[PDB]
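In the order they appear, the protein sequences are chains A and B.
FYI, in PDB author numbering the residues of the first sequence are 13 to 22, 24 to 75, 80 to 139.
FYI, in PDB author numbering the residues of the second sequence are 1 to 16, 20 to 76, 80 to 139.
No residue lacks a Cβ here, since even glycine has one placed at the ideal position from N, Cα and C.
Here's the structure we're looking at; comments come further down.
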Amino acid sequence: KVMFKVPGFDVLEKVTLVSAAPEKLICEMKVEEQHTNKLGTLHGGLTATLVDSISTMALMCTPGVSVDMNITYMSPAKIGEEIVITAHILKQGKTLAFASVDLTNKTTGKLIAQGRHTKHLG
Amino acid sequence: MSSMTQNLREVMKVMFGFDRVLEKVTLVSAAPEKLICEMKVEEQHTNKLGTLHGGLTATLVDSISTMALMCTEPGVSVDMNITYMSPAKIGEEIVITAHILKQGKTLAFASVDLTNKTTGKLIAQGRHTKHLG
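What follows is the structure in structure tokens.
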């Protein structure tokens, strides 16, 4: 689905691309120098923020304020890797909505991190 | 040639202590990374309001993601988080499924989802990190 994720000017690291269904929301990003941490592997500074938006992003399609968010990291991503990022509206409820993102390594398949996120509507 | 599903069915029934709260709990299926279980919510499972209780829904995430852990190549808990989308009422039959997301030299991670057996509908999604102590 064609448009693109054009909230991206002024905390904003869109360097990220796409593929949009209902309650689901693929994107992709190539880890670069700016994205990374003390080591080479993008830290979850970025990852978090990435789960924040693209969740919220994937949601302004069906937008709220954050509430709770949690992230578990399980694989590094190196500078130079290209990664995909899947978002899935889990629940859309009256006052609250729930969403769950998966960040994998494209080349590898391998799961990098996985984080859930709740926001408040109204 | 492997009777992992059968076999877990006994390890479980032996070890269900606090875990003895999980007696009405069936195993439907035991893969080497996914695990399925069901459980009709009773009333000794229930909350203050008659839905399934918060704690037990975590107890079901701890234990059953740990069961899961025993299939492949146990631990201790590191962290857990759990999110609640929908009430499981009395009489309900719930499927609980577990996913080992990750392997690891000293840590293992798994995700678990509670579904309505009949709606299909989500109840709670949980994520559980253990240390391979």
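Assigned secondary structure, residue i (DSSP; H/G/I helix, E/B strand, else coil)
i, result
"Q6(B)", "helix"
"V82(A)", "strand"
"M91(B)", "coil"
"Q109(B)", "coil"
"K17(A)", "coil"
"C74(A)", "coil"
"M42(B)", "strand"
"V64(B)", "helix"
"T103(A)", "strand"
"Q131(B)", "coil"
"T29(B)", "strand"
"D22(A)", "coil"
"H48(A)", "helix"
"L59(B)", "helix"
"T54(A)", "strand"
"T125(A)", "coil"
Backbone CA spacing between residue i and residue j [nearest angstrom]
i, j, result
"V44(A)", "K136(B)", "28 angstroms"
"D85(A)", "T62(B)", "21 angstroms"
"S92(B)", "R133(A)", "16 angstroms"
"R23(B)", "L128(B)", "25 angstroms"
"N50(B)", "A94(B)", "10 angstroms"
"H105(B)", "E41(B)", "15 angstroms"
"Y90(B)", "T121(B)", "11 angstroms"
"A116(A)", "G110(A)", "11 angstroms"
"residue 18(B)", "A71(B)", "Residue numbering in chain B breaks between 16 and 20, and residue 18(B) falls inside that break, so it has no position here."
"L25(B)", "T60(A)", "36 angstroms"
"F16(A)", "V31(A)", "7 angstroms"
"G58(A)", "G81(B)", "28 angstroms"
"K123(B)", "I102(B)", "9 angstroms"
"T112(A)", "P19(A)", "24 angstroms"
Member of the options whose CA lies at the smallest distance from the CA of residue i
i, options, result
"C74(B)", "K127(B), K51(B) and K37(B)", "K37(B)"
"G97(A)", "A34(A), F16(A), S68(A) and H48(A)", "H48(A)"
"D119(B)", "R9(B), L113(B), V64(B) and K108(B)", "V64(B)"
"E99(B)", "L55(B), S68(B), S2(B) and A34(B)", "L55(B)"
"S83(B)", "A114(B), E26(B), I39(B) and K108(B)", "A114(B)"
"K13(A)", "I39(A), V28(A) and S66(A)", "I39(A)"
"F21(B)", "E76(B), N87(B), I88(B) and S66(B)", "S66(B)"
"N87(A)", "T5(B), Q131(B) and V11(B)", "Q131(B)"
"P35(B)", "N7(B), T125(B) and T112(B)", "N7(B)"
Within chain A, partners of residue i - CB distance below 7 angstroms
i, result
"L72(B)", "Correct list: empty, because the minimum Cβ distance to chain A is about 15 angstroms."
"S83(B)", "Result: empty, since nearest Cβ-Cβ is about 13 angstroms, beyond 7 angstroms."
Residue i: contacting residues in chain B (beta-carbon distance under 8 angstroms)
i, result
"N87(A)", "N87 and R133"
"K108(A)", "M91, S92 and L128"
"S117(A)", "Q131"
Residue i Cβ short of 7 angstroms to the ligand MG heavy atom set
i, result
"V18(A)", "This structure lacks the ligand MG; in fact it carries no ligand of any kind."
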